[PDB]
Amino acid sequence: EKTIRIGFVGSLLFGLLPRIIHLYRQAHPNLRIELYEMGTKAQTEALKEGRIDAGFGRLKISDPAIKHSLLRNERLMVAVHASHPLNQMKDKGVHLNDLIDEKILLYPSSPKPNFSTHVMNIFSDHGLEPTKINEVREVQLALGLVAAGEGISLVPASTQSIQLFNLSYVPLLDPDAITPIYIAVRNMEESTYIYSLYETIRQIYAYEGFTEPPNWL
Amino acid sequence: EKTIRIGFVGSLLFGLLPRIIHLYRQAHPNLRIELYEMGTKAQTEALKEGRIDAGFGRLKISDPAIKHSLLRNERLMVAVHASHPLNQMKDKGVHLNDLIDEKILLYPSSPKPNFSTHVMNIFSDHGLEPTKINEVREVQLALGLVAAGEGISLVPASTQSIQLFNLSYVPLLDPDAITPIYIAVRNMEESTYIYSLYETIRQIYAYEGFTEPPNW
Ligand SMILES: [Cl-]
Ligand SMILES: [Cl-]
Ligand SMILES: [Cl-]
């Protein structure tokens with residue numbers, strides 16, 4: 001069987017994932033690559049059942065039947081309307097403690113734990129308690145709503161692929177204001193095709209100029 | 001009390017709708033604005049059932065309880081990988097009949113009729129039958145898949161708010177390669193807040209150099 005099945009959180013298409021898949025396809029003309037959008041939690045049973053072979057997700061959910069490699073962390077940004085006071089710090093950055101009384105749009109609306117779990121945790125980690133929280137379906141909706149004046153949202157740096165009139169991305173300076181990208185696979189030896197996918201990720205990351213950590217992939 | 005409820009197709013947040021909503025909000029400090037993401041089909045029933053007061057959609061479903069106003073037509077474009085042959089005539093543009101042997105990604109997967117209905121209809125309208133079609137959930141899936149090398153996609157021009165590495169947007173030349181933007185309200189709707197909403201649309205459109213939408 002020359003088929004590999006890859007699960008991915010949809011919003012990862014705003015980042016390096018499409019470049020990775022494009023290079024992978026080029027490297028493997030005889031391979032059928034099937035792409036399936038699914039939340040990070042859903043990738044656990046998909047891997048266990050053999051419905052996907054590798055899953056690109058935004059957190060690590062422990063299950064004995066699967067294993068994980070952290071690919072990288074993205075910086076979080078604060079998406080704001082251009083008229084917001086916070087946008088005056090567009091070039092400099094702000095901190096989590098500048099955000100606690102703002103209307104924050106969280107996402108996605110899929111089962112917990114999800115992307116938003118870590119976002120709320122980094123507030124809790126420093127004794128900060130956001131007083132105005134709303135959950136919306138997914139990140140590009142949150143961004144559109146921010147542009148419409150509905151509030152602010154903490155978003156991965158990769159979401160800057162989306163640029164909207166009077167939408168601005170403000171850096172978050174807290175060193176832990178970051179969000180992980182993981183690759184998850186079955187808890188067994190990776191296939192030749194999955195090992196090749198690892199090498200493709202390495203190559204794209206090298207083109208981006210990322211420094212590899214020790215014993216990476 | 002006092003509240004206005006606005007239904008909208010999610011992808012319309014990539015165009016002028018947010019700045020319309022924001023300008024409108026500024027003019028009404030006492031107004032609660034509730035925004036609801038929903039497909040154009042759902043807006044019709046939501047309007048008849050009183051769950052929204054105005055719907056911004058991408059097609060017209062005729063119903064005697066609803067009245068529509070065509071705000072404008074967006075040009076359709078072809079999203080392609082940078083290396084695609086179609087991307088060699090981005091300046092001059094291509095026609096629908098140039099797309100027929102390509103793998104076309106349709107969207108969204110919401111109930112029909114939807115954006116993809118008109119897309120397939122404009123091909124059918126000229127005796128063109130795309131030989132390879134696949135439906136995906138919504139526009140960003142299509143764009144990512146195009147960027148990943150899986151095919152091409154027809155998208156509204158406002159989609160260009162999303163820029164991906166090696167993703168290019170090619171104009172279409174067919175005069176009917178367009179997609180409408182409608183506002184829909186209940187037939188006997190005469191609220192001052194709805195009047196104000198239409199005037200806000202008018203002001204935003206005027207500033208962009210567009211034609212004034214139809215009369216109240
Ligand atoms: Cl998301
Ligand atoms: Cl628009
Ligand atoms: Cl040309």
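Every heavy atom of this structure was used, including side-chain atoms; hydrogens, water molecules and symmetry mates were not. Chain identifiers are assigned alphabetically (A, B, ...) following the order of the sequence lines, protein sequences preceding nucleic acid strands; residue numbering begins at 1 within each chain.
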(request) Considering only NZ, NE, NH1 and NH2 on the basic side and carboxylate oxygens on the acidic side, decide whether A/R137 and B/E138 come within less than 4.0 Å. (result)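 Answer for the salt bridge query: yes.
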(message) Looking at A/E150 and A/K103, is any side-chain nitrogen of the basic one under 4.0 Å from a carboxylate oxygen of the acidic one?
(response)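 A/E150 and A/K103: not salt-bridged.
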Just verifying a value: how many Å separate [X] [atom1] and [Y] [atom2], rounded to the nearest 0.5 Å?
{"X": "B/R25", "Y": "B/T200", "atom1": "CZ", "atom2": "OG1", "answer": "12.0 Å"}
{"X": "B/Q140", "Y": "A/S161", "atom1": "CD", "atom2": "OG", "answer": "12.0 Å"}
{"X": "B/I104", "Y": "B/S116", "atom1": "CD1", "atom2": "OG", "answer": "12.0 Å"}
{"X": "A/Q88", "Y": "A/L86", "atom1": "CD", "atom2": "CG", "answer": "10.0 Å"}
{"X": "B/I162", "Y": "A/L13", "atom1": "CD1", "atom2": "CG", "answer": "10.5 Å"}
{"X": "A/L16", "Y": "A/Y207", "atom1": "CG", "atom2": "OH", "answer": "12.5 Å"}

What are the two closest non-hydrogen atoms of [X] and [Y], and how far apart are they?
{"X": "A/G55", "Y": "A/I52", "result": "CA-CD1, 4.1 Å"}
{"X": "B/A184", "Y": "B/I66", "result": "CB-CG2, 3.9 Å"}
{"X": "A/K90", "Y": "A/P171", "result": "O-CD, 3.1 Å"}
{"X": "A/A46", "Y": "A/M38", "result": "CB-SD, 3.7 Å"}

(request) List for me each residue that meets salt bridge (charged side-chain N to carboxylate O under 4.0 Å, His left out) alongside A/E199, sequence neighbours excluded, and say none if there are none. (result)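 Only A/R202 meet the salt bridge (charged side-chain N to carboxylate O under 4.0 Å, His left out) criterion with A/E199.
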(request) Could you pull out all residues at least two apart from A/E49 that satisfy salt bridge (charged side-chain N to carboxylate O under 4.0 Å, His left out)? (result) A/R51
(message) Distance alone, cut at 3.5 Å: any donor-acceptor contact between the side chains of A/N87 and A/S168?
(response) yes
(request) Examine the side chains of A/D176 and A/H126 and answer whether a donor and an acceptor come within less than 3.5 Å of each other. (result) yes
(request) Among residues two or more places apart or on two chains, list those pairs meeting salt bridge (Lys or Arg N to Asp or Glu O under 4.0 Å) that have a residue in residues 104-117 of chain A. (result) A/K112-A/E135
(message) Let's go through B/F115 and B/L59 carefully: what are the C-alpha distance in whole Å and the side-chain angles of both, what is the deciding distance for side chain to side chain contact (heavy atoms under 4.5 Å, CB included) to 0.1 Å, and is it a yes or a no?
(response) CA-CA 7 Å; B/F115 174 75; B/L59 56 295; over 6 Å; no
Inspect the surroundings of [atom1] in [X] and state if more than 12 heavy atoms from other residues, nucleotides or ligands are less than 6.0 Å away.
{"X": "A/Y195", "atom1": "OH", "answer": "yes"}
{"X": "A/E208", "atom1": "CD", "answer": "yes"}
{"X": "A/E129", "atom1": "CD", "answer": "no"}

(request) Apply side chain to side chain contact (heavy atoms under 4.5 Å, CB included) to the pair A/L197 and A/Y24, showing each step before the final yes or no. (result) CA-CA 7 Å; A/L197 182 57; A/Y24 193 63; 3.8 Å; yes
(request) Over 60° means perpendicular and under 30° means parallel, so classify the ring planes of B/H28 and B/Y193, tilted if in between. (result) perpendicular
(request) Could you tell me how the ring of A/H22 sits relative to the ring of B/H81: parallel (under 30°), tilted (30 to 60°) or perpendicular (over 60°)? (result) parallel
(request) For A/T131 and A/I100, indicate whether the former's side chain and the latter's backbone hold a donor-acceptor pair under 3.5 Å. (result)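 Yes, the answer is positive, given that a donor and an acceptor are paired below the 3.5 Å cut-off.
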(request) Check the pair A/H118 / A/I122 against side chain to side chain contact (heavy atoms under 4.5 Å, CB included), numbers first and verdict last. (result) CA-CA 6 Å; A/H118 175 61; A/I122 64 172; 3.4 Å; yes
(message) With side-chain contact (heavy atoms from CB on, under 4.5 Å) as the test, pick out the partner of A/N187 among A/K67, A/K48, A/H68.
(response)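 One option only clears the test, and that one is A/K67.
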